[PDB]
Amino acid sequence: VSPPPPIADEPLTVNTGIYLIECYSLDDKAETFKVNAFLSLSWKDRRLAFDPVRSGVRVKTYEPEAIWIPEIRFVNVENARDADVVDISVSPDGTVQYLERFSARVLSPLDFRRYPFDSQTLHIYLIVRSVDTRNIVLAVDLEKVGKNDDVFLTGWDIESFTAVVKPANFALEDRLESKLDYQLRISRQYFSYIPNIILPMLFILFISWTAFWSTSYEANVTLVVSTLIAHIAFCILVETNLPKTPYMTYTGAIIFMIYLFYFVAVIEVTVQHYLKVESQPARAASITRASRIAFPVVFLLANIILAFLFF
Amino acid sequence: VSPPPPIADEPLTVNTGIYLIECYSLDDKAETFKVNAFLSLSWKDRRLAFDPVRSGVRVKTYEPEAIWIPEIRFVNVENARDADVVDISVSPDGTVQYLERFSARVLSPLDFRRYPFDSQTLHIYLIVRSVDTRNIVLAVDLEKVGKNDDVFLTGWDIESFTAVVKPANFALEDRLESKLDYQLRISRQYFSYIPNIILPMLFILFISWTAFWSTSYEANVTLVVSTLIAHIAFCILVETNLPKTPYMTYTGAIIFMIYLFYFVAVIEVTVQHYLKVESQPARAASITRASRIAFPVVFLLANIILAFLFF
Amino acid sequence: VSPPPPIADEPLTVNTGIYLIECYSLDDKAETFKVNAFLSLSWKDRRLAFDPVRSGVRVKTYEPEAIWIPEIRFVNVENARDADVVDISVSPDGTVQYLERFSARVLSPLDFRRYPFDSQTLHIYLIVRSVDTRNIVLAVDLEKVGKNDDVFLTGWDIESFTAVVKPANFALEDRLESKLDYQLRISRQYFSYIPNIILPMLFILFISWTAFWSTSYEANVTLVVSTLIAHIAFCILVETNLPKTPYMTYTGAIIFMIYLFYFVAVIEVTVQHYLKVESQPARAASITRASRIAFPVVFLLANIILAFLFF
Amino acid sequence: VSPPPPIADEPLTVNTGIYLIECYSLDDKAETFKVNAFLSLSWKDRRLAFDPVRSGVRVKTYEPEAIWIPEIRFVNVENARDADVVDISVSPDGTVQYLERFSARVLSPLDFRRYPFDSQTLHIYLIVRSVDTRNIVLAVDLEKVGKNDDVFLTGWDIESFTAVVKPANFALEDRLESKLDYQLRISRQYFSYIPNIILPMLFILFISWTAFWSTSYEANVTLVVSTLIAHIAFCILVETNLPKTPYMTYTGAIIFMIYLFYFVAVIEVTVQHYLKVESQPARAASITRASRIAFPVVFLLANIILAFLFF
Amino acid sequence: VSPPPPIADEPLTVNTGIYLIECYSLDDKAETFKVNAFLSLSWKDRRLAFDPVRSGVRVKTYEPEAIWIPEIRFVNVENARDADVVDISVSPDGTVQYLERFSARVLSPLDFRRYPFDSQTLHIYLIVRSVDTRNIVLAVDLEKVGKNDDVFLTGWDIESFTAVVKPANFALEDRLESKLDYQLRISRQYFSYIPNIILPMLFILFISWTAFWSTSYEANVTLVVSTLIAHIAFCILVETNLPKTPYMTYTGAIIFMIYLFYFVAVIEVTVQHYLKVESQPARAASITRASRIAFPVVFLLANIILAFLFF
Ligand SMILES: [Cl-]
Ligand SMILES: [Cl-]
Ligand SMILES: [Cl-]
Ligand SMILES: [Cl-]
Ligand code: NA
Ligand code: NA
Ligand code: NA
Ligand code: NA
Ligand code: NA
Ligand code: NA
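Protein chains in written order, with the deposited numbering: chain E, 5 to 315; chain A, 5 to 315; chain B, 5 to 315; chain C, 5 to 315; chain D, 5 to 315.
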């Protein structure tokens, strides 16, 4: 069992095809996702060619150990894929049709910049290291690339499973390697975020702003500070479902901007009381009345500013 | 070892039967469940047929590698099932009776719309890919489909384990595939939710409404805000035991509706104090007295509205 | 390799014996426990008979694949046990003495009704499916059933590891199956619960009752509400270490009863203030003075009522 | 492949030696720790003896399957060790020198009585079941027992890896068993506890005592209660990193004693206010002034009492 | 299959080379990281040498079991690496060129002293134990040591993957062992820490300092205490993402220093109120006015002191 010799001096083209059966467990923090799929391979091994008329048989079946099969591996995987050979069928001309059903945990980076209104492009890289006798090149059999209709990724909308037809062939440790890119495009289901996180986070912020329609320092302190504790409960809840990014996220920006609205609200509450104690409530009431319009306006504008920078 | 040749031009019917031994680990967030069961298969392999008289035995045992066994796989599984072949018996006419004991983590979507008063239909899909020589079709042997009496799924009531007798035969990658549906119907045990989550969540909401039988702004602020913090503790507790659904859940609706009752309560508390400070407590007391009846009524009606829309 | 033929028409008795080496990881929420033990089996396979004069050895050793060994499996396990064959010894008559050391995660339901003062009976079910040639029956070798002295299950006291000597033989999928029950009786170590959960939970409840020796509504509100937040912290801590039971637990009952004592305390605090504001502190002080005795008495009686119903 | 026959009627001594390469993952709650080590075995198999002058080669190498190797197993392990045979060397007299590199999760109970100032003795039990032909006895080759210099157990100081030279030979299920004890003595690195848990826990307790230099009930209530909520946050943090012990721990004692200092502080705060309202602040101020000295003194003495009982 | 005999009395040099494909899962608490890489080995086995003329081939492919391959293992790993042999090529002079693709969880200690502005040096130790026949020595083939461009370690910047060319040869359990050090230098991505943890932690500290521009004890108590609760929420969040170090970390120092600023702030708040009640607000206002400058100054200086000691 060794590679098939070439007719002329040409490299062996292996026709690939991934058909997704299952898509599950997309870990945002770990930037991984689990996949269960069919892997279909096809090459020309002339040593296995036969006559169809005299044999009576049109297609010949083989066991994996009986024939030479190319060493196809995934690049961005945690461990080696759990493969179960489905079928090996040889045509009269010597064209092998290999099929296996695998399962693997794929390592694909995610861009959290527009979270939770973000979209992602998941990658599945097929690689084949060329042997000494002859060079091995990968090819996409678009007929054998797909996904079933039931394939559901919890909390995500699956757009398209496509493959970059042209492989990226390169030199690695003195040998040629043919690499293929299978792209799974997805968009996040941002519905749940609005009633669970966005709106409650806004209510607690507006509750803090009732301190502008009050002169009671003790009550105002309780208002701005207590809601700030509620806001801490919400920030810690969101920042845990996300990994530590070296960039600003859309959520992260909002979360941080809100922390300033709590700080400036304390400043106002402190100032209003300081002037009241300093026997000048004509000065305090004017600031407090300005804040009634200033805080919602500056908030609404700053959100438009951020939404523009991010989308 | 190859498929048995057909007498006429008919496809091979394989008689299936799943008998549940164990049902455990139903992950709501991951929409999975673990199963430990018997898988029983039966087909007609004429090449194995024997005259009982000459052989001197009316049953023939075979090791898996000795005879041709159909490649039966599960569709909605994480990895390939952990199978242990129990027995293979051949009757005189060549009817094989295969039995194995497997364990697999099944991927079955759950509908959380009526949670925790929801019911579910778990699926176990058996699939067989037809070979080149002949086509393979799946069949249900209702005599061999069941579950033992001890089978308990923690926090759920097991209704029925049944199978859709008619398989869904279709074409996939130019080959025929026969798919079978085993349905495990379950209903949730919603008892624990009432004393642990529902009632305490209602008490904290009613505690906030005592601010209608009080004129003290500082006390009212403490009442509505503190209880809101308690409510945040309960929402975060529930939304973690649930996945991020692109639809509204019965719990999610209630949870969100309660967040409004806290917001409107702050508005009232702010208004009552604003009028009191503006030297018109005849206006404030009338609103506060109205809210004493308005809040419980609007809450009870809104709950009837939601319960109607959801059930 | 097939079962030994019977002398007369009798079933094959297999002498079982489980000797616990390790007991660990009792997951209350999952109702599982890990075990590491010796499994000892014994049957008469006359085919393996030998003359020690002609063979030279008094007792013959064999590799698992060389001789017929009964397919003994556990019923209530997650996956198939991790077995390592220790020794196989055959005596001149053909009496096989099999020993293996296994490890398995056992699925045994727990009754949380009297938690954390509950006791449990863990089960380990041995099963053997009878072959077509002859019937297989399981038997208990009480000499080979035990546990070592060091065997410790963290947070539990191990009472006894015993076996139901009479197997439950029944019909399953056209064949006979002999089932054996190994019972591991345990009682929970409830010590830690008193200083960590019970007493702190009582202190925070009594702290709320200081609102009966105070007329300050603003202080009383802070007292009853803040301690309620502390109580929420403790309920969520306990209800997480427990699964969602369709029945009431001893802890669950107490936890819920305490939530009422917080609710009724708010009512009192609201009433006392309402009467004080309504210029009748002779009415308010009488209720507040009654509550000083009413709350500890009703609590003490309700605990006796619950403890009676549960024990 | 069977045990070597004895020269005179003596048992086979197997010279053991464990050399720790890695020590990691000490789970306090689970009372486990992971180990990666060399296991070195040595016995006299006269059947493998050879003439050194005639053969020409000093030492002869063998594959595991070629020669008889004793079935050495670990007692206190979760699953069977992950062993890779390093080398098998046979001297001319027939003395076998076996070496393997294993990795295993060890189950060793921990004594939390003096936590986090506690020391532990981890155990690694080697066992060998004696065969029918002859008895097997374990022996310690102190030259082959050790640990490398880099071996670090996060948060612990490794004292000594020693072995009890005398094995505990006993009868189990009719056969003799030779058990050996490898002890890994460790002491906890209690540094981190002081700035992270001990001191912050003391600050929050002292902050509650500022209520003795104040007559404001509303402020005192906020002081004692808020700091109690902070203390609950710290107790829940510590009690989670620890398992549920049927005995009192040094930390557990302190934690509980602090819960009393919070309770008695509330009593004082309630009393001081009750007397103030009852028009006798000469009585209230005297108690409050006494508690300024009483609370730090009783705390300092009670800590000396506990530290004495525990150390 | 035994080691190749030496020409003269020299040890066998094995030319190593690690090429990182994947770098992921750097567990700070566990001080581990997962790696997926190519391992390339090269030695001179004269017994495999051949003439290229009569062969008609420049290279000879071998199966792992066919030829002698050195027992290369990793020192600082949890379990034995998951290796898949890629290719084994033999040149005419007998120089073997071995390549495998492995995946392993590496145990490398981390220095948290400068966290989260810390840098790390990850180690991958290759070891080979010398056989009885001849000694084995490791060597670095710098041509075969690298990493691909896509290699990303979430939250870290990968500086350089280099190897210490000189192996550390030493005696262990009466045999020579050659050890090699592969160093992966990384620096933390400290960006996320500033908007998520550092700045919010500073805002809550400054919010507590508004108690210097207020005379209301009840408000000041609420200010300092509530923000202290927010600070506890942040300390517990940071100290969990870190292991228990027997040394002070840069974060740990800050965290602890902040706990003092909260304590001294309570002292001030207590003193200001005590003097106010003791009818001397000329003394209280002077301290409160001093604290307005004292607290930001001492904080700014103490941070410069710590930053100097740590960097
Ligand atoms: Cl792979
Ligand atoms: Cl499957
Ligand atoms: Cl089993
Ligand atoms: Cl290794
Ligand atoms: Na092959
Ligand atoms: Na077969
Ligand atoms: Na308050
Ligand atoms: Na057998
Ligand atoms: Na052997
Ligand atoms: Na070899």
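A virtual CB, placed ideally from N, CA and C, is assigned to each residue, including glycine.
Would you mind working out which of the options sits nearest residue i, comparing C-alpha positions?
| i | options | result |
| --- | --- | --- |
| B/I131 | B/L45, B/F260, B/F314, B/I240 | B/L45 |
| E/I25 | E/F156, E/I140, E/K64, E/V301 | E/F156 |
| C/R105 | C/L43, C/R179, C/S112, C/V270 | C/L43 |
| E/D185 | E/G159, E/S112, E/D13 | E/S112 |
| B/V5 | B/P68, B/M205, B/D13, B/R58 | B/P68 |
| B/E177 | A/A234, A/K148, A/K33 | A/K148 |
| E/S59 | E/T36, E/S95, E/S295 | E/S95 |
| C/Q193 | C/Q187, C/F216, C/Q124, C/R179 | C/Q124 |
| E/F314 | E/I73, E/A87, E/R117 | E/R117 |
Does the distance from the CB of residue i to the CB of residue j come in under 8 angstroms?
| i | j | result |
| --- | --- | --- |
| C/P171 | C/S182 | yes |
| D/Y266 | D/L232 | yes |
| residue 341 of chain C | C/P15 | With chain C running from 5 to 315 in the structure shown, residue 341 of chain C is simply not present. |
| C/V169 | C/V135 | no |
| B/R109 | B/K38 | yes |
| D/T65 | D/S107 | no |
| A/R50 | A/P7 | no |
| E/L227 | E/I211 | yes |
| D/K280 | D/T219 | yes |
| A/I259 | A/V242 | yes |
| C/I22 | C/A41 | yes |
| B/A34 | A/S29 | yes |
| E/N200 | E/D32 | no |
| B/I162 | A/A237 | no |
Whole-angstrom Cβ separation of residue i and residue j, contact assumed at under 8 angstroms?
| i | j | result |
| --- | --- | --- |
| D/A53 | D/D97 | 6 angstroms |
| E/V100 | A/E75 | Contact flag wrong, Cβ pair sits at about 19 angstroms. |
| B/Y197 | B/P300 | B/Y197 to B/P300, Cβ: 22 angstroms. No contact. |
| B/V273 | B/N224 | 5 angstroms |
| C/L142 | C/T20 | 6 angstroms |
Curious, which full-length beta strand (DSSP E) runs of at least 3 residues does the segment 165-200 of chain B contain? 179-192
Anything in the segment 281-305 of chain A with a Cβ closer than 8 angstroms to a Cβ of chain E? List those residues in chain order, please. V281
Just to confirm the assignment: which complete beta strand (DSSP E) runs, minimum length 3, are found wholly within the segment 17-101 of chain E? Correct list: 22-31, 36-48, 76-78, 88-94.
Could you name the residues of the segment 147-165 of chain E whose beta carbon sits closer than 7 angstroms to any beta carbon of chain A, in the order they occur along the chain? Taking 7 angstroms as the cut-off between beta carbons, the residues of the segment 147-165 of chain E near chain A are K148, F156, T158, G159, in sequence order.
Beta strand (DSSP E) runs contained entirely in the segment 112-143 of chain B, provided each spans 3 or more residues: Qualifying beta strand (DSSP E) stretches, in chain order: 123-133.
Closer than 8 angstroms between beta carbons: that is the criterion. Which residues of the segment 204-235 of chain C meet it against chain B? Listed by position along the chain: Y221, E222, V225, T226, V229, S230, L232, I233.
In chain order, what residues of the segment 24-43 of chain C put their CB closer than 8 angstroms to some CB of chain D? Residues are counted here when their Cβ sits less than 8 angstroms from a Cβ of chain D; for the segment 24-43 of chain C these are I25, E26, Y28, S29, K38, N40, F42, given in chain order.
Segments assigned alpha helix (DSSP H), at least 4 residues, entirely inside the segment 264-314 of chain E: 285-314
Residues in the segment 84-116 of chain C with C-beta within 8 angstroms of chain D's C-beta atoms, listed in sequence order? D86, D88, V90, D91, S93, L103, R105, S107
Report the start-end ranges of each alpha helix (DSSP H) in the segment 212-256 of chain E that is 4 residues or longer and not cut off at the edges. 221-244
Residues of the segment 48-74 of chain A with Cβ closer than 8 angstroms to any Cβ of chain B, in chain order: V63, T65
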